[PDB]
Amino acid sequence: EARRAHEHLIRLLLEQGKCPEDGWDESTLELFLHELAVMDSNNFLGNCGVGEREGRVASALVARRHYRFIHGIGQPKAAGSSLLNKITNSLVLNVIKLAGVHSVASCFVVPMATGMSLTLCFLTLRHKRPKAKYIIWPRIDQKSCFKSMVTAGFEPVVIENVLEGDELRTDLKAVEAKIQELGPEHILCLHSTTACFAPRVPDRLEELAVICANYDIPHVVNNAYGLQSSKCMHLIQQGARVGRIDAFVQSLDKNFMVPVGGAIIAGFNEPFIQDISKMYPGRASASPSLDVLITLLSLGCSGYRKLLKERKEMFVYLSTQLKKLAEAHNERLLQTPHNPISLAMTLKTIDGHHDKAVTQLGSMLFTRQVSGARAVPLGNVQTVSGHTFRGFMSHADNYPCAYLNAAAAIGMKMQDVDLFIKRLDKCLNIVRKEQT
């Protein structure tokens, strides 16, 4: 029977809580979703509602586009939304393992993006560490992760990066020096970062993990877009094994190709991760969870695994093509072998004329429908939530050159690289011709 085949797949999902090897057909998926939504009281045919939160919906466009999941995630009032939440977190745990953190103990989807999800971690740790006022943070010029600390009501302690060749790396001496200066009890946590813009590289998590274990200080990893990278994930896995990592947080959109809106908070200590979940007040949107559930069931392990493999290949393709273009314009690819996602070519040939050529190149790429490229000048001064950054965008006060960023992130296609290379070549020609 056709129906039994669908039920077999559903039952296997419910009993194991694992991503199916092969992606489900849409037919199976929509059957499952409809049966789940049937379990929510708002969808009961015999229901009457006499409360203030009945999951009533005025617009049929709204109800249908959400598969009639209205109540969000948590006698129960929403048994299907609850099961949706359970399944999705179970699927996500298994993908975390698949992706490289095999010892992960616990995780949960939270329908806030990565910044606010990090804030939630910091808000939870306040009650663990009432004496703490500082968060030690190796510098990365990204506004949201930096603001997350201020939002949580702590003061960031910005640790400048060390220039090693072309790469910007964790200053481990300065981190330990600030712990000793300020006092371990006054530090809320170390806030490290994996995936980042080249020529910065993922933080030295093993070493920071050792430092945190020894000084007895929480370690929170901004893994925003590092789940897609088995190298970034090995760094988390190794760090947890050789020292201390308390939580790692990753974006749903950047690693799973779904709308912006949600993140995953994961860790190795189940009671602690539960404490973060419990620190969240009230119901939350089920929409990020639904998007990731749809995506993971449709892809299967094999589909997600293939996406990860294709990204590695696109990275190789992107670097070989960008290095070739760079060199053809008498530029070079910065040597950043410790960054597995992001790369940078120098813009020395257009910089230095005092005509804003580097910024102009960025705008030119933008108006030619190139998105995601970052033209980083020398000398941006920018103040973010109380803190003034010298050399903003470059993660250092005095990086030796201007450069252009590009990145091979999950779902990148060959036409992404090809069109980029084509339009970048033309833009470089225009600028240089203008400078004569």
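Counting begins at 1, following the sequence as shown.
Peer 1: Should the segment between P184 and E185 be described as having none, 1 to 3, 4 to 9, or 10 or more unmodelled residues of the deposited sequence?
Peer 2: Nothing is missing.
Peer 1: Look over 366-374 and 45-53 in the entry and identify the one with the greater average Cα temperature factor.
Peer 2: Taking the mean B-factor of the alpha carbons in each, 366-374 is higher.
Peer 1: Between 132-140 and 346-354, which has the larger average Cα B-factor in the PDB entry?
Peer 2: Looking at the record's C-alpha B-factors, the answer is 346-354.
Peer 1: Take the CA temperature factors straight from the PDB entry and tell me which of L168, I73, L120, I245 peaks.
Peer 2: Max CA B-factor in the entry, restricted to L168, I73, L120, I245: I73.
Peer 1: Taking the C-alpha B-factors as the PDB entry records them, is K323 in the lowest, middle or highest third of its chain?
Peer 2: Top third by C-alpha B-factor.
Peer 1: Could you look up the Cα B-factor of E310 in the entry and say which third of the chain it sits in: lowest, middle or highest?
Peer 2: Lowest third of the chain for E310's C-alpha B-factor.
Peer 1: Give the position of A58 by CA B-factor within its chain, expressed as the lowest, middle or highest third.
Peer 2: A58: CA B-factor falls in the lowest third of its chain.
Peer 1: Quick one: classify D275 as lowest, middle or highest third of the chain based on its Cα B-factor.
Peer 2: For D275, whose C-alpha B-factor we compare with every modelled residue in the chain, the answer is the middle third.
Peer 1: State the tercile, meaning the lowest, middle or highest third, of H387 with respect to the CA B-factors recorded for its chain.
Peer 2: Highest third - that is where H387 ends up once the chain's C-alpha B-factors are sorted.
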